[PDB]
Amino acid sequence: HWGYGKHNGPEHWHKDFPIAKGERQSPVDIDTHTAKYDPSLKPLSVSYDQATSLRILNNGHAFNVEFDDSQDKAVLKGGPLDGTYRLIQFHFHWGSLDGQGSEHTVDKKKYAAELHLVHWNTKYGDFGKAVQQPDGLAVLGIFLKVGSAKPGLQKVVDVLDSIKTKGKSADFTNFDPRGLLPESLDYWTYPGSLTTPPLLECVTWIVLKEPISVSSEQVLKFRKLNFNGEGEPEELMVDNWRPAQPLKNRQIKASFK
Ligand SMILES: O=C1NC(=O)[C@@H](c2ccccc2)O1
Ligand code: NA
Ligand SMILES: [Zn+2]
């Protein structure tokens, strides 16, 4: 099955998932000089005050912090979006070294990691129905650079020892995702896809311009996770990112001048 190695990585995904070569695949390079300011875009409304985190899971591809999405609690509205999108989970993609790890790039720059907060459009009732729709999902992407520590990330870092291998989970209640945001909510947006199989073309991407800083020690802990299950040969969970894909007939819009 699919992964990030030589024999099962991004260059192989199209065999099982032919949409890998589709018309609106993600991630992409954001060419900042050609992303046009769109004065009709609205400020992003991030309403996370009532978020209920539940659990953290190593799924063999990343670690997901999962939320109660059975009701309108943590929601994303505004920006390029019509209606209301509920937060279901967040996770990261990261590198083996600080010079790579992000999925999106900015003028070809790769960041050390990228946070994805995944939301689904409540007009479709459940996540599974939302991923059958071209406007089913909204993913808020946030770049990570290595510098000062991010205090709001440390609770995540400190639980990782308990979910080292694929299939392990741990209770993870009362985590506030507001502590992972940068100051500014200025963003770029474009229509795209999931960046892993099944690569479904359901996503309004909202990529924040301002990275967050995390410390070297924080990202080093991400890199001690394992892709493998317990009692299998150890494969460090690093370089779990898909490279940039062809932009094709799309335009990236900026929310800011
Ligand atoms: O942007 C994405 N990051 C991923 O891991 C992938 C994704 C796969 C499955 C569910 C939600 C998101 O899409
Ligand atoms: Na453009
Ligand atoms: Zn992701």
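Of everything listed in (1) assigned to a loop (DSSP other than H, G, I, E, B); (2) in contact with a strand residue (DSSP E or B) (Cβ under 9 Å, 6 or more places away or on another chain); (3) more than 20 Å from residue 225 (Cα to Cα), the single unmet condition for residue 149 is (3). Is it the case that some residue within the range 39-50 is under 30 Å from residue 5 (Cα atoms), more than 16 Å from ligand 2 (Cβ to nearest atom) and free of Cβ contacts under 8 Å to residues at least 60 places away in the same chain? The answer is no; no qualifying residue exists.
Here are 171, 176: which of them is surrounded by fewer than 16 Cβ atoms within 10 Å (Cβ to Cβ), within 23 Å of residue 61 (Cβ to Cβ) and more than 15 Å from ligand 1 (Cβ to nearest atom)? Quick ask: steps written out before the conclusion?
On the way: 176 fails: within 23 Å of residue 61 (Cβ to Cβ).
Answer to the selection: 171.
Would you say residue 184 is surrounded by fewer than 16 Cβ atoms within 10 Å (Cβ to Cβ) and touching a strand residue (DSSP E or B) at 6+ places or on another chain (Cβ under 6 Å)? When the stated conditions are applied, residue 184 does not pass them.
Residues in the range 191-229 that are among the hydroxyl-bearing types (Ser, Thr, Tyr) and surrounded by 18 or more Cβ atoms within 10 Å (Cβ to Cβ): 193, 195, 196, 204. The condition of being away from ligand 2 (no atom under 16 Å from the Cβ) and closer than 30 Å to residue 14 by Cβ holds for only one of 163, 206, 212, that being 206.
Neighbour counts are summed over all protein chains in view; Cβ atoms, including those assigned to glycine, are modelled from backbone coordinates with ideal geometry. Since every read-out is calculated from the coordinates, none of them should be taken as a lab result.
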